[PDB]
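One structure, as structure tokens, below. Some questions next.
Going by the order they are written in, the chains are A, B, C, D, E and F; count residues from 1 in each one.
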Amino acid sequence: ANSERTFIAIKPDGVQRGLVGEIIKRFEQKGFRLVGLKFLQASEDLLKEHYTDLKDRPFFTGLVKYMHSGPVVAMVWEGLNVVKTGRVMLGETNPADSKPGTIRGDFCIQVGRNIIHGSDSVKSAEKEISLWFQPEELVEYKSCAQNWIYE
Amino acid sequence: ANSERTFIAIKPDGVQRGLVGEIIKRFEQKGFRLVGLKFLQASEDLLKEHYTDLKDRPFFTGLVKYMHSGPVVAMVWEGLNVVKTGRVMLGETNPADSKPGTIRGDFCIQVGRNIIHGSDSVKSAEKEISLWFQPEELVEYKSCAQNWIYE
Amino acid sequence: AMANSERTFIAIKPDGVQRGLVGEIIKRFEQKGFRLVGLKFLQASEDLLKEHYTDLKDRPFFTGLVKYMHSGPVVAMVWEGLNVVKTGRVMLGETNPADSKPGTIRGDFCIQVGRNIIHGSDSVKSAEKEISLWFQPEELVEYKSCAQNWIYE
Amino acid sequence: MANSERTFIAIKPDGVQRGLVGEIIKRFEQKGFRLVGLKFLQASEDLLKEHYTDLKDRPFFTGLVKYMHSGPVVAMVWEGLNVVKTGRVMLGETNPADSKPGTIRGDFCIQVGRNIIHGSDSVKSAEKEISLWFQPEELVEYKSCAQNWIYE
Amino acid sequence: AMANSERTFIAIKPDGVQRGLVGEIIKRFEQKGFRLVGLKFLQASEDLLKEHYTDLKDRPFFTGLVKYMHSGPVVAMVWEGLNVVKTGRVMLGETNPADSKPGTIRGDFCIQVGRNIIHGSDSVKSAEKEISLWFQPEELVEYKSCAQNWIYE
Amino acid sequence: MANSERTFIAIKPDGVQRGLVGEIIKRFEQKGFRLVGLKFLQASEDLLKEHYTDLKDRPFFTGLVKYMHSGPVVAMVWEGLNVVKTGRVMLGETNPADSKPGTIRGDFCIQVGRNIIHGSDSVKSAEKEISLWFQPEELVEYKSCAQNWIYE
């Protein structure tokens, strides 16, 4: 319950525009803990399975080639309702709909360059975590401030 | 008209997690003027009178003992709608409903660990102010910017 | 593309300069993805403010608004980007800071309606009128931003 | 006994009026030191004169007392290893024109007569100043959750 | 007085503008306690820069410096206060960003010397030469900060 | 060339538990350096030994390996002109008491036994450690879009 995990990935425009540290900071100060972290240049084959739900969409080719044109920061975060609250912290998928104070609302403009991706559901979280991370690369530890975050 | 006061308290999980300065900062940059500030470990008796409207709730015992298990920072802020807008700045009482940009929305997760308390009304404010503070501990002064914060 | 070149006029009111919010104000517009086209430091005359606020000359606060806008220096800015008029309003917040949400410029830094530190063009033609009013075409600097291909698709 | 040394930190009236209170506490909190005492107060010229008793012969003594009395102060007591020494380093030089960027004074003030913050110059100056503004009641003892990550 | 009003000329270079460091630089001078007197956004010409760097015409990097300062728009600013020429130079950092200390402007956002984001008047005399060069007397705004009596005794 | 030099920067277990990861990365990003390698790992007691092989004859070597092993670390590789030397300056002195405000250790830690972050002391140390924590596959080469504004 207090160990739910979600997949968060900083897109190539986030790395290029230098927003990797700020994004990691909003999740740290919130109270979530990092379980996995890697710096990687994804293959278009990997992205196709990650975006297999959108293969019918007209933007699919441009989305896969944009996600491949640069490195990404693949993370795994853990905490009570990390999937949902993470989506709230991220904002709406279109930055034009995001409210200020959200990651997209403070840092990006266009839908095709929305700097960050969050797992839309627990089922989408477990599918994406097992896709980008192996079980070895996920680190298990207890934050020194757990008893001050949860009861 | 601009002299209304509210009671703001940083809960024991807000002191332990190093969130005291940032919390005071949001009320300083907002345009509010600090009137009372103290550092205190509230006795269970001082808390039960503060939470007397919640004595019939099942969590009342765990709420008092958690608020007593650590020191709190008790503050009094004055300004136009410092009670109401203070509730807005704090956000919703359960952090899972709070919006990003609010204090709880940026820094905490669970309801029982929401780092901060605010007065819910002008009637709650007066009672809470007169309960934790004596009339002398309250400092009355004029901010050098009040002609730029108010007209 | 030609839509990504949309422009808006953002002014930092005298209370925003006095309370030292100019750099933080420009920071939210820089970190968002928008580009600086014009920037000047000015003391607007009452005559200049009246034409800028001509659609409020019937309101009772008009005289108090113009003199307060003239009682100090302002920071006139022009910004460009996709929906810079509409999203700038969002980042600014609601005109009354008691309505603004935390995270907005007005929600985070100001209290009273008469001292809401910042102005934003409400529409594209209000932006078109306000940019041509405070800026001459010479004062506007068009440059390609080094991260443009990472802001846009 | 060194992971318990306390120092007295005071935010001057100009530090409050300009709204640097949370910013000052933030640097002490993130540094690793623990907040032991806190109070908001408009100092009387009596306690000021005992606080600055070492400067009674200096020409600025009168203007310093009435300035520190012209507004409210935030009186703080911080605990940690060498909090008296590294507290002075964090503060910067007493003349803000001598403070280095990154310090509280080097970042936030200009003139020496308005240097927003005061630091205890020594452990003996601290315990005198601690006993001056703070009674042993108003000092809170507790263990921070990250102490074992701050100390060995 | 006169000392409580000395002016310097701090310029944000094109790499500071391109990398989104305009708001951060203004915020540091604001929170220091200095008074914004003038501010302009400008693509300065090769000729304006030659006179600005006239004491460096006999240096091999002089031609690549003027073309880099012309390759983008700059933020020209004027700040007023006590010892703001000197203190501003300490805030900027050392001109070689590898010598600038952390906490300075160049120590925090700069690596190479040919890309040192910002310039500061080295002396009061260089200030009054540079200020009169980039700005006209009209564009300089004199006003009284609301916190002056808490910055100066 | 010298715009491509790399260094090895690790965030110790106390830097992670006290939530400093995003801040440490942000200071390197805003400086202008490029992120080359990034991983999150619980280093084994065999890995930090060869990392701290020069300190095996120091009395603290035992408590340092097991402290480095007591939590997860964030191993990083950064590339830029003089990133090894300028990395050390940004970190500050190894003894946080000697670190200057504005550095990572002058802002965020107190004790030598808990200085949150590590930096490569030299180019040859950097290349020895980069090949110790990272394999050539995990290092991502990409041209930062603002390169022509960071370097001339």
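We take it that contacts are C-beta pairs under 8 Å (C-beta built on N, C-alpha and C of every residue); 3 or more make two chains touch, one makes a residue touch a chain.
J.: Following contacts chain by chain, what is the lowest number of steps it takes to reach chain F starting at chain B?
T.: The distance in steps between these two chains is 2.
J.: Tell me which of E-F and B-E has more C-beta pairs in contact.
T.: Higher C-beta contact count between the two pairs: E-F.
J.: For chain A and chain F, let me know how many angstrom lie between their CA-based centres, rounded off.
T.: The computed centroid separation for chain A versus chain F comes out at 24 Å.
J.: Centre to centre, by mean C-alpha position, how many angstrom separate chain C and chain D?
T.: So the centre of chain C lies 40 Å away from the centre of chain D.
J.: Quick check: how many Å separate the C-alpha centres of chain B and chain C?
T.: Measuring from centre to centre gives 33 Å for this pair.
J.: Residues touching two or more other chains, restricted to chain A: which are they?
T.: Each of 16-17, 26, 29, 99-102, 144-145, 148 in chain A touches at least two other chains.
J.: Which chains touch which?
T.: A-B, A-C, A-D, A-F, B-C, B-D, B-E, C-E, C-F, D-E, D-F, E-F
J.: Contact residues on chain E for chain D in the complex?
T.: 28, 31-34, 81-83, 86-87, 90-91, 93, 101-104, 107, 147, 150-153
J.: Which part of chain D faces chain B closely enough to touch in the complex?
T.: Residues of chain D touching chain B: 16-30, 35-42, 71-72, 74, 138, 140, 142, 144-145.
J.: Considering only the defined contacts, which chain E positions touch chain F in the complex?
T.: Listed in rising order, the residues of chain E that touch chain F are 14-15, 18-19, 64, 68, 98, 101-104, 107-112, 114-115.
J.: Where on chain C does chain F make contact in their complex?
T.: Touching chain F: residues 146-147, 149-150 of chain C.
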